[PDB]
Amino acid sequence: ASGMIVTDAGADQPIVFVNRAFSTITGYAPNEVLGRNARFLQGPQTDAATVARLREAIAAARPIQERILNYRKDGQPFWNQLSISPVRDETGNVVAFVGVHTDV
Amino acid sequence: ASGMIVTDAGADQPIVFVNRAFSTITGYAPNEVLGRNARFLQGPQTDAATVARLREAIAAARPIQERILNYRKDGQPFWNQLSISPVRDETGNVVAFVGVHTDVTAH
Ligand SMILES: Cc1cc2nc3c(=O)[nH]c(=O)nc-3n(C[C@H](O)[C@H](O)[C@H](O)COP(=O)(O)O)c2cc1C
Ligand SMILES: Cc1cc2nc3c(=O)[nH]c(=O)nc-3n(C[C@H](O)[C@H](O)[C@H](O)COP(=O)(O)O)c2cc1C
Numbered sequence: 048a049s050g051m052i053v054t055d056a057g058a059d060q061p062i063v064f065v066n067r068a069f070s071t072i073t074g075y076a077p078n079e080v081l082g083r084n085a086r087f088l089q090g091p092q093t094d095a096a097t098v099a100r101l102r103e104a105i106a107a108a109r110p111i112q113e114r115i116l117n118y119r120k121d122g123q124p125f126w127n128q129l130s131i132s133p134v135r136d137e138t139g140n141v142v143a144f145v146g147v148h149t150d151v
Numbered sequence: 048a049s050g051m052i053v054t055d056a057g058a059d060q061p062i063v064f065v066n067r068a069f070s071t072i073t074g075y076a077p078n079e080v081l082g083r084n085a086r087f088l089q090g091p092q093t094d095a096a097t098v099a100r101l102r103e104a105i106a107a108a109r110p111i112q113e114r115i116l117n118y119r120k121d122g123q124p125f126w127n128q129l130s131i132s133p134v135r136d137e138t139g140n141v142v143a144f145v146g147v148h149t150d151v152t153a154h
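If you read the protein sequences in the order shown, they are chains A and B.
To convert a position in the first sequence, counted from 1, into the deposited numbering, add 47.
To convert a position in the second sequence, counted from 1, into the deposited numbering, add 47.
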């Protein structure tokens, strides 16, 4: 099953919802991640060039897909196949971001 | 502000998350809507043709935008500018639906 993260659109995109699969994949309970930016999943061997593309996509509110090295709660590194899309109202305002983790 | 509704992909799309603006617009607290299909927002003056377009779009997992007459918890009618899109993973499976809605009653 694929993980899903919803964040607010502004003020550093705090997590507001995660699905069951997110907890299975990352080892984090919802209470541990709600209200935080998802970047806590990144660690010492995470590729800075990949993080830069995520940073610019979020700032522009455009969709992005990256393979990024993340770390489970227990500290084990895993490859996260991450796809992020902005959620917009019909006037073009960004309401939220949705992240999907296509990880086995 | 614009509301957001997140549903599961299957099993008649029960609501799993709503943002604060959803409650502002509809008068429903999260407790009152979680695990339910969003069609409780519809009522007798809702356009059945619009409902059919939503039904067919969701069944095919195709994005759709409609204006639909909905009802607040207290029964007050309002015009809902509704956009629904599937959320897919990188195998092409639908993992959720996301709805964004704006109260467009005011002229
Ligand atoms: C909805 C959403 C989900 C995200 N999921 C992840 C994730 O699973 N792993 C990850 O490393 N970063 C994820 N990010 C990216 C970080 O939150 C952050 O945007 C990025 O690391 C840029 O921040 P910087 O200023 O530290 O470079 C996600 C962002 C959003 C908006
Ligand atoms: C994510 C999501 C959000 C929805 N939001 C609304 C809404 O705000 N108002 C509404 O009338 N229907 C909404 N619907 C549609 C109903 O849940 C339902 O799909 C539609 O009424 C079809 O039922 P029928 O088969 O009897 O036509 C939403 C559906 C989804 C998947």
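By construction, the Cβ of each residue, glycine as well, lies at the ideal position given by its N, Cα and C atoms.
For residue i, verify whether its CB is less than 7 Å away from any heavy atom of ligand 2.
{"i": "residue 95 (chain A)", "result": "no"}
{"i": "residue 83 (chain A)", "result": "no"}
{"i": "residue 129 (chain B)", "result": "yes"}
{"i": "residue 104 (chain A)", "result": "no"}
{"i": "residue 89 (chain B)", "result": "yes"}
{"i": "residue 57 (chain B)", "result": "no"}
{"i": "residue 99 (chain B)", "result": "yes"}
{"i": "residue 145 (chain B)", "result": "yes"}
{"i": "residue 86 (chain B)", "result": "yes"}
I'd like the span of the beta strand (DSSP E) that includes residue i, first residue to last.
{"i": "residue 143 (chain B)", "result": "141-150"}
{"i": "residue 71 (chain A)", "result": "First-last for residue 71 (chain A): 67-73, but that is the alpha helix (DSSP H), not the beta strand (DSSP E)."}
{"i": "residue 28 (chain B)", "result": "Nothing can be reported for residue 28 (chain B), as the shown portion of chain B is limited to 48 through 154."}
Using 7 Å as the cut-off, classify the Cβ of residue i as near or not near the heavy atoms of ligand 1, replying yes or no.
{"i": "residue 54 (chain A)", "result": "yes"}
{"i": "residue 60 (chain A)", "result": "yes"}
{"i": "residue 64 (chain B)", "result": "no"}
{"i": "residue 111 (chain B)", "result": "no"}
{"i": "residue 115 (chain B)", "result": "no"}
{"i": "residue 148 (chain A)", "result": "yes"}
Who are the Cβ neighbours of residue i in its own chain at under 7 Å, not counting the five residues just before and after it?
{"i": "residue 119 (chain B)", "result": "73, 74 and 125"}
{"i": "residue 113 (chain B)", "result": "97, 100, 101 and 129"}
State yes or no: is the C-beta of residue i within less than 8 Å of the C-beta of residue j?
{"i": "residue 55 (chain B)", "j": "residue 153 (chain B)", "result": "no"}
{"i": "residue 50 (chain A)", "j": "residue 134 (chain A)", "result": "no"}
{"i": "residue 88 (chain A)", "j": "residue 117 (chain A)", "result": "yes"}
{"i": "residue 94 (chain A)", "j": "residue 149 (chain B)", "result": "no"}
{"i": "residue 106 (chain A)", "j": "residue 141 (chain A)", "result": "no"}
Tell me which residue opens and which closes the alpha helix (DSSP H) that residue i is part of.
{"i": "residue 80 (chain A)", "result": "77-80"}
Output needed for residue i: all residues of its chain with C-beta closer than 6 Å, excluding positions within five of it in sequence on either side, in chain order.
{"i": "residue 53 (chain B)", "result": "63, 64, 143 and 145"}
{"i": "residue 104 (chain B)", "result": "111"}
{"i": "residue 48 (chain A)", "result": "68"}
{"i": "residue 115 (chain B)", "result": "97, 127 and 129"}
Please list, in chain order, all residues of the same chain as residue i whose beta carbon is under 8 Å from its beta carbon, the five residues on each side excluded.
{"i": "residue 85 (chain B)", "result": "52, 54, 60, 62 and 146"}
{"i": "residue 76 (chain B)", "result": "70"}
- Completely contained beta strand (DSSP E) runs for the segment 94-136 of chain A, where each covers 3 or more residues: 111-118 and 124-135
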